[PDB]
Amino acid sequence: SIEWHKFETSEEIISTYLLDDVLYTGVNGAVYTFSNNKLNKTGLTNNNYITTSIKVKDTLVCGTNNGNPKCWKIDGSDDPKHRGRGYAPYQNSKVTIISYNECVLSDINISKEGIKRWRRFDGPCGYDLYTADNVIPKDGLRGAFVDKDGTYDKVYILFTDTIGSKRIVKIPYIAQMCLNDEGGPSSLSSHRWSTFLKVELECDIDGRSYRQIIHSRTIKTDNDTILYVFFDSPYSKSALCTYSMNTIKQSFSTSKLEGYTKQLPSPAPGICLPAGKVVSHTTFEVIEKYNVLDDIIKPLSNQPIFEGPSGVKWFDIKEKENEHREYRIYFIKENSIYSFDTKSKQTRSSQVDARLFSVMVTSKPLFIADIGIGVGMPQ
């Protein structure tokens, strides 16, 4: 059964991150660490939703801080660099924030009710950048990660757009940009991404077409990186689809841009340029205007690896001990835990009293809940 490490009293789980194999659980007014089977606590200010623990011991923890976003170190001391804006939201709402090589990227508004953008903050990868108006959905993102596209680091983000007039439709995308992007070709555009492209994802089966992304992660294989994307639906089902990043990178490399029929500029939109090389005026104008590939990415096997119940909140993966390239996939709903074996294709489930926020695998599955940190599978 699950070994529960309980909070003194049930908490509002606001965020969960793994850093160097240590689990950081942000709540309202505190952050908890879990490792070596011990749950420890750093209390912080109250009315302070801890949305953010990132690497920049020296772990930066940030929260709404009663409506004035603020960051601390894990020991509760104030952050010497006075980070706040862009590191925690202005209220308890969903955020996407990541750091890679100490570079921080975030969709967190940097002013209250500001325009929703995906930003890189000033740092080791270059000065601050932001997406153009409406490039990112009002809803923000559902996933973000850094991955090499051959030679260069690119940032990939997932999100579901909402469009249409007579009919409101949802559209899932993955978008790519260069981690070290130097921005636009003129002073006015110099802090805008210059390499942003997006491509539609597909996750269909038997007429069911999944659109709302819940959560995602990647898995490295011998020759590829596999992107796992869990979708929800307003119906009674959810769905997990997988994608080849090689396939996705090829599409960004070779697809034409929707609505643009002239030969693409050179160098091409969306590729990374050596430090000191700036995007050309023509490429930037085209990419700003035509940021969507004329393509749609099909999942591996052309359908979901599996369908589950709607309302799945999170999932994670653990590669099977002796069956390599096989996995156990854990996923959760508010009050239930599920696992899918990729080899057998059997799904198991159990109901729990705990209100589950996420599942994160270290050497075992950790289930983070209102009641605390649960170690190991139940049933």
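Position 1 is the first residue in the sequence shown; the rest follow in order.
Colleague: Note how many residues of the deposited chain are left out of the model between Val56 and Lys57; the options are none, 1 to 3, 4 to 9, and 10 or more.
Modeller: According to the record, 4 to 9 deposited residues lack coordinates from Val56 to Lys57.
Colleague: On average, are the C-alpha B-factors higher in 82-90 or in 274-282?
Modeller: Mean C-alpha B-factor is greater for 274-282.
Colleague: Per the PDB record, is the mean Cα temperature factor higher over 306-314 or over 342-350?
Modeller: Result of the comparison: 342-350.
Colleague: Among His324, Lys41, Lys70, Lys333, where is the Cα B factor highest in this entry?
Modeller: Of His324, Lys41, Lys70, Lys333, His324 has the highest C-alpha B-factor.
Colleague: Would you mind finding, among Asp206, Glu200, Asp107, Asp75, the residue with the largest C-alpha temperature factor in the entry?
Modeller: If I rank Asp206, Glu200, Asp107, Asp75 by C-alpha B-factor, first place goes to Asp206.
Colleague: Could you look up the Cα B-factor of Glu12 in the entry and say which third of the chain it sits in: lowest, middle or highest?
Modeller: As the PDB entry reports it, the C-alpha B-factor of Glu12 lands in the middle third of its chain.
Colleague: Hey, what third does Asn66 fall into on Cα B-factor, ranked over its chain?
Modeller: CA B-factor rank for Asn66: highest third.
Colleague: By the record's CA B-factor, is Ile174 among the lowest, middle or highest third of residues in the chain?
Modeller: Its C-alpha B-factor, which the entry lists for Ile174, ranks in the lowest third among residues of this chain.
Colleague: According to the PDB entry, is the CA B factor of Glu102 in the bottom, middle or top third of its chain, that is, lowest, middle or highest?
Modeller: According to the entry, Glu102 has a C-alpha B-factor in the chain's highest third.
Colleague: Where does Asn47 sit by CA temperature factor within its chain: lowest, middle or highest third?
Modeller: It falls in the middle third of the chain.
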